Amino acid sequence: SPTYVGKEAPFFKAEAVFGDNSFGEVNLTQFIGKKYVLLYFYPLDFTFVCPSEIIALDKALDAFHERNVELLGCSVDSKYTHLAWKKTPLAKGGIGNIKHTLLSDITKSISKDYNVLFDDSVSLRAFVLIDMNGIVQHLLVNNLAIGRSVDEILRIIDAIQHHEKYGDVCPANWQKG
Amino acid sequence: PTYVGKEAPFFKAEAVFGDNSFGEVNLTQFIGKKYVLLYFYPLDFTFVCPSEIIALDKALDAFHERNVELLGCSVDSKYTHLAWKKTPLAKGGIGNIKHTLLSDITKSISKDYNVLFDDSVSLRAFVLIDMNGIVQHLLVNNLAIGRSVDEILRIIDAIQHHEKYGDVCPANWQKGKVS
Amino acid sequence: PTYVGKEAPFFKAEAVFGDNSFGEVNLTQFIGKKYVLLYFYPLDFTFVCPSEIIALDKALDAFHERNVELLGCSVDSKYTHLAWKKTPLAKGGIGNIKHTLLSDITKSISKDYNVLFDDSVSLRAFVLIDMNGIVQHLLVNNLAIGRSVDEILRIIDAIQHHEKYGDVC
Amino acid sequence: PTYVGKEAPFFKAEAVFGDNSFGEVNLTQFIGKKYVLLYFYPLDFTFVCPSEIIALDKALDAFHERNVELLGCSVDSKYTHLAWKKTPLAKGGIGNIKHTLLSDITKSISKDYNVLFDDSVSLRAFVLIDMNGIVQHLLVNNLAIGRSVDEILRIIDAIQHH
Amino acid sequence: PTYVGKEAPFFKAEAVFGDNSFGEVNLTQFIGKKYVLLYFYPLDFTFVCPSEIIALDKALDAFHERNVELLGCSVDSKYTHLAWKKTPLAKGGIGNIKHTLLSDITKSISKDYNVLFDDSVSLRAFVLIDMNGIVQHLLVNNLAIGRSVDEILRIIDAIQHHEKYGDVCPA
Amino acid sequence: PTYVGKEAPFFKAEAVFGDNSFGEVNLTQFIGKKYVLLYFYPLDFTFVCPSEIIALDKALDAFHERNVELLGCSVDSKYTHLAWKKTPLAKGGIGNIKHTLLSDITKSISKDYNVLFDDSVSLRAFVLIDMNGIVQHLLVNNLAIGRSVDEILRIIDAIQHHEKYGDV
Amino acid sequence: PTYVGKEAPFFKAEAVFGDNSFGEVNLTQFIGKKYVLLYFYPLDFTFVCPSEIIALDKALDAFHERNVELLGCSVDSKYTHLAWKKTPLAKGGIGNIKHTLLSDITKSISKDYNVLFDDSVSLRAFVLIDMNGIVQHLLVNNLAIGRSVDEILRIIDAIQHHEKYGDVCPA
Amino acid sequence: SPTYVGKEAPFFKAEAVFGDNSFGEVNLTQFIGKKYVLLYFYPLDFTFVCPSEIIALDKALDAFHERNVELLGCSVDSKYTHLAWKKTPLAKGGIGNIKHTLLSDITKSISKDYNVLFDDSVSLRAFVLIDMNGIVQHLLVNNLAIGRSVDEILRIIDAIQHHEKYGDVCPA
Amino acid sequence: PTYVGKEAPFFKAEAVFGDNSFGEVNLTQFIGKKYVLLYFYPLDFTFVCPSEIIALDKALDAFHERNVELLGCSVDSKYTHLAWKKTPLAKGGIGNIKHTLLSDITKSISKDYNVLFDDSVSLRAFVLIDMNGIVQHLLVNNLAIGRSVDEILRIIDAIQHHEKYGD
Amino acid sequence: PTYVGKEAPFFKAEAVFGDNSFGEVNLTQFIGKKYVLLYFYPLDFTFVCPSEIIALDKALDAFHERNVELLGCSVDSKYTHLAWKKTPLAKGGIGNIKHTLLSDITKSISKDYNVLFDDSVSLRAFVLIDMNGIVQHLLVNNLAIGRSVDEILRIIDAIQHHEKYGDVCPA
């Protein structure tokens, strides 16, 4: 019943499409003690709204690698729909050959466990940062095609990674605003 | 069970107003009238400076210009909230902030919004409720890392314009069509 | 308990029509007006050739001649259905089919018809609902084997013939 | 919920073999050996002609060729079945069919296969079980419309040609 | 608890009449009008000869003189009952019997009368129901031993006599 | 679900023997040894039908010839059974019958055989049990019409013949 | 919880009256009319001499002087009670007693008064019921030890004295 | 829920006031194999009913000891009220210095297990005879204060004890 | 959850009045009319001297001034209470006290007030009920310690002052 | 059922000590070593002057003589306690008190001691725990009426004397 923020992240095992367009599986436990995980959710593939979030995030993949972050995208669509969305060029409504992994939440189980499923149908637009000990440090959930700059995401990870070492930092001139 | 995209859970609380008087605030006074930015923080009087509260208070006119009511919330009593306002910044206080602070003395608001940690204190969170009473945005932080007020105002502006937020859409991207 | 010979479970679903517009199909919009051939298949964009959907669309006027509404159904979103229509047959697409494809996005239609597999996708199936909303025929396949559209037509003609004249050879 | 793509419900029944001998049949005797085509029909001795049972019997070598055991099933007793085989076609019988007829005297097989109509007789149905005991195909009909023997053999061949 | 000496369990079954037509018989059509001799047998078309059904049908007028309706019953369908009547006695059939045969296809009558064996078929049994719908006699046999019509008629007569002229037996 | 064609319900009753002594009888004594003809009657000391018990005892040799144990049973105590045997025939007694009378004082035997009426007394019934302990025949009468020993012995002969030669 | 000091459990029973005729007795026929001494005993025709019943019947006029109905009760049938009255004392009977014996054939009276032993027979007991239907005295004995009729009469006298005069001492 | 007559007497453990006026504890198992127990209940101490039965039983204590029976009194009052009633003279409605034990059923559980509690408050007047095997042979329950002669009690005890050794005997 | 600051649990008991008659009292007869000081004690006739009951009775006029009904309560019967009143002060008794003593013979008042110990006797307690039936003060002692009557009167006056003015 | 006369409910709380440092206090740490006077109060920074907290700390050496650990408890956090200690008496504060303040931030301690009011704050209450961990005294007040430190010390003295000697007859 209570939030998983600040507690161990709900376990997931999911079929996935990798950068090389091969199929496989991804479970959360494979990253514990090794990588930070930025798990993001989005409603559907092949929509009339531009997948600017997926495309921009993949353009910044080296920034996530620098920060030891595994970027994982996730929707309720099948692995076959994700693969097809990749094999569809941008000018024909696709996302192209993105190098990060896309997870298929075909049973909707992952969206339910993360509290991001809307109307027992599709996930909401959401970002979940999981640290190397498997604890959730940050959760963002949006309803309306909002939408988040990649620069903001990298700054949050930086602020969290620095907080893990140095704790709370009182800002200079905080009394102004 | 997520309330994001659905109606916001009802809340009623005793509060400390900008003028330091006590009164009551409930969600129904805003429905069909104003947007509401409800933020949560763990406690008053900790060693964590209240930089976010001061940054939010400085932007109070920016919030009012865009028809949003700013509400602050912790698990402390209204008496503790008043005492924190009466402590100056220089001595680890908030000073006479103009926006309203709610007292979640029973922990019900925190429980209903899913931001209560270990049955004790709320986490650092932001909830944007629209004028129809529907939750559009939810941010939950486990750490005292801060949030830009410009970014909050950018999210509000995106929702109120029905315009998209994030990075620029690539020029070459065009929705698919038949042969 | 089988729904065969009993009232067909009700369904309401978002759909992609032949003109590629989106809408809603309700089972009650056909009661007392049209026969319904509700068919199920697991997923769009798979490596299995979609010859069944195409063969069924080639025969759409045979279905209309017999007063039958042909409805296709899978757990994919309506957006994926539309995209699959816009994909060429060379790239495993279905083309601009004139019949309606229903989106069982919640998976409840597949559950109600007892064709959902592993809480994920449907099995391949055909359900023929008569003009009083009664299920007269059910076919469920666990493999990608296809079904002759000529057999579907023979079955429809047979059930329609028996509904009028009974059963004597 | 559905047994299609899962293990077929176990069955054990008394039976009338092709040679009019009485015996017993159970699902487990075919597992890892024969494919099973289990068909259901409401009753013996009705006024609806048994063309389907006759059409299926004509095709018995085709079934044997594909390692398929053809099993007919009704709610009637083994004594009714034999009596129906001793009745000629002109007199509304089935004659000396060579495939086996099972007696679902308790109605359990019909219940376990979800084909019992009311608590009386079963519906018209076909169930193809593979050599691992998994159901690969289910067809249920409310009316006496019949099924093409050619379609049945074509289904069997799609399953046998991976 | 037993239904003997209490009201007879209600039944409604499809039946094959003496003229080979199909219909329906329910228990309440005889209440206040006739006594009912309901008899059960396991199956039609068995290797045990139907000498009892044939013996009982020859005594049909003896039963009608006593105002009793003779009903036969098995778990077989009405079609099997008709088929068995259309089969000649030399080929193991019952021929064109004049009394009605009920079809207990669902098995509910045999269950209610406590004569269903192994959830499959009824046992050989006789039940005499009076004009008030009360069961006065029950006989249940496991084997094919039969029952004389003279004993059946003697029981019916003794029951009819005891109902009105005192329930005392003889020395 | 009836017990006819199945194993007969077990009983272990107090009883009055032919010699007028007391003891116990249980079903298990007879398995693989004797057929049992267990009969039920409602009450002792009524003037309705003591003649049936007397007639049955007159036929004991006929019962023993077929290897059948005749056991009578009612809900009366063993003391009531003994008193009834010690009563002269002209005052309604049964006399010194040689067969055994079981006392079903708890009413559990009549309940298990489904012959107890209104939680008071048993109805008039006959139960034939074979040497393997299976109930082959059951008769239950709501009225005091009685039953000839000739009819009973015919059934026994027919059941024993069928057990030897099958159905012919 | 006991019924002593509360309304006595209701009973309706077939009975053998002093004149050897059959009938019925219900508890409510005595309410407002008379006191009821109800006694229980295991069985008729046992080898335990029925000295208590004979002693009780000798003082029947003493029970009538105090307005009390003496009622005997066992799990035996009324037919057995009548036969026990028709058997002489020499042969282990009770003879023509003048008081009523009730039949508890269903065993429900012994169950209601909590005197049934091992789902079979009653224990030896005495119950005194007021004209208002309240139980004032209960005595239960596991053994065949007898009870003085003088003690029974002295107790009834005390309850009747108390009801008029209330509590007074000694003794 | 049948009677305990002819069955094991329900176990009891209670604080008590002994004949010597000291406080102690008594339990049923201390008598098994050793003595018969005559357990009597009465509602309350210090009522307007005079305690003639308690006085009569105590004068006959030697007759009870002669036939190996432990006389035990029991009510729902505390051990302190029992002692204060022994300390009250007979002229003021007390019981005086009685020599047999009085048990305090302060939780009302002894009265409940013995089925003599009335309106979850006080017990009725009752006598229970428990044999050496812990079996209840006799149960007397009165609603009113009508007494019971010790001669009658001793006749019953003697009759039970005689039956237990020698079996059934018919009177003269 | 406690009843302090909430409606006092209802009670009805047989009682021994100051005149030594037996009667009945229930809580509802005081609501809107007077304050009640209900006090509990385990037992009558113990070796703990009943100086608290006697001291409370000497102050009966002080309680009546403040419109408070003093009520004593134990699990003993009304007959024990009367016998204890009939016992001289010098023999360990309480004498002819004028205030009412309630008999909690079923022990339900002790259970409802949460002062019953081991399903046997009440602990020593004091409960102050205001004219609205609300419990304002509760004191519970496990030992024969005593409570000065002046401390009790100071508490009643402080509660009555708060009701008229405040903190 | 109450805990008075029984073992005191266990508690583990975060605490603000006399030296303004943070720590943890456990109930088990005092068993067999000290007596514990645990007191509850609604909230810090209220408009009711904290005269009680002040008086109790001014009398701290009286509690040390009797071997009693004085503990104050509220539903407030440890940070609110410290802030209240760091506020002068003139501005509504408590000042640098020498006794320990416990934080019942989860409200579990107030719930376990049955002093929580409407799932928000505690009532004013005093609990005296034995050196064996047994609760001997409990006081609960719905209003801000206060309690002299002389009454509190007199009760502790009385409880400690009762442990050595029994009750004292005169008063």
Side-chain angles (χ1 to χ4, degrees), chain G residues 1-6 42 46-52 54-55 110-111 113-119 121-130 134-148 150-152 154-163 165-171, chain H residues 2-7 43 47-53 55-56 93 111-112 114-120 122-129 131 135-152 155-164 167-168 170-172:
Chain G
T2 188
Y3 48 80
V4 181
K6 298 179 186 172
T46 78
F47 311 150
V48 176
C49 300
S51 56
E52 194 59 41
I54 297 155
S110 304
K111 287 184 232 212
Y113 281 80
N114 317 122
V115 287
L116 195 72
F117 205 72
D118 297 339
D119 209 85
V121 308
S122 70
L123 292 175
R124 294 168 214 270
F126 297 81
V127 195
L128 192 77
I129 313 167
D130 273 353
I134 305 306
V135 174
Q136 298 301 326
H137 170 93
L138 168 66
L139 183 124
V140 190
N141 273 325
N142 196 41
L143 306 176
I145 62 140
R147 217 203 173 180
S148 181
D150 295 336
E151 178 225 317
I152 291 175
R154 188 223 93 202
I155 286 162
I156 291 154
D157 283 333
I159 291 158
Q160 291 178 352
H161 188 270
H162 182 281
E163 284 172 5
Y165 298 106
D167 299 298
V168 199
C169 52
Chain H
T3 191
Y4 48 75
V5 179
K7 302 179 131 191
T47 74
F48 308 151
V49 181
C50 85
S52 56
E53 193 62 32
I55 310 309
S111 291
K112 255 146 173 151
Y114 278 85
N115 309 125
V116 297
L117 191 63
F118 196 90
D119 292 356
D120 296 316
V122 305
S123 74
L124 290 165
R125 296 169 156 90
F127 294 86
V128 199
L129 188 69
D131 73 7
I135 309 304
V136 177
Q137 298 304 330
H138 175 78
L139 179 264
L140 197 153
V141 184
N142 286 328
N143 188 44
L144 310 175
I146 58 169
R148 207 192 174 185
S149 82
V150 307
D151 288 4
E152 195 239 297
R155 183 261 298 170
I156 295 282
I157 287 163
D158 284 337
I160 291 158
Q161 286 182 347
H162 191 271
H163 189 277
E164 291 199 1
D168 247 294
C170 155

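In what follows, chains carry the letters A, B, and so on, assigned in the order in which the sequence lines appear, proteins first and then strands, with residues in each chain numbered from 1. Excluded from the calculations below are hydrogen atoms, water molecules and symmetry mates; all remaining heavy atoms, backbone and side chain alike, are included.
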Query raised in the report: Is G:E151 salt-bridged to H:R155, cutoff N-O under 4.0 Å?
Result: yes
Requested in this report: Please report the shortest heavy-atom distance between G:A171 and H:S52, naming the atom on each side.
Outcome: C-CB, 3.5 Å
Query raised in the report: Out of G:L143, G:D167, G:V168, G:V135, which one racks up the most heavy-atom pairs below 4.5 Å with chain H?
Result: G:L143
Report summary line: CG of G:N142 to OH of H:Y4, rounded to nearest 0.5 Å, is 12.5 Å
Query raised in the report: Does H:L139 reach the side chain of G:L138, with side-chain heavy atoms less than 4.5 Å apart?
Result: yes
**Report entry** Note, H:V116 side chain near G:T2 side chain (heavy atom, < 4.5 Å)
**Finding:** no
Report summary line: Turns out that what part of G:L123 lies under 4.5 Å from chain H's heavy atoms comes down to side chain
Query - chain G contact via H:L140 - which portion, at a heavy-atom distance below 4.5 Å - result: both
Query raised in the report: Atom CD1 of H:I156 and atom CD1 of G:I145: how far apart are they, to the nearest 0.5 Å?
Result: 4.0 Å
Query - Proximity breakdown for G:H137 and chain H, heavy-atom pairs closer than 4.5 Å - result: both
Query raised in the report: If you round to the nearest 0.5 Å, how far is OG1 of H:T3 from CG of G:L116?
Result: 11.0 Å
**Report entry** Among the listed options H:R125, H:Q137, H:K112, the residue most often paired with chain G at heavy-atom distances under 4.5 Å
**Finding:** H:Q137
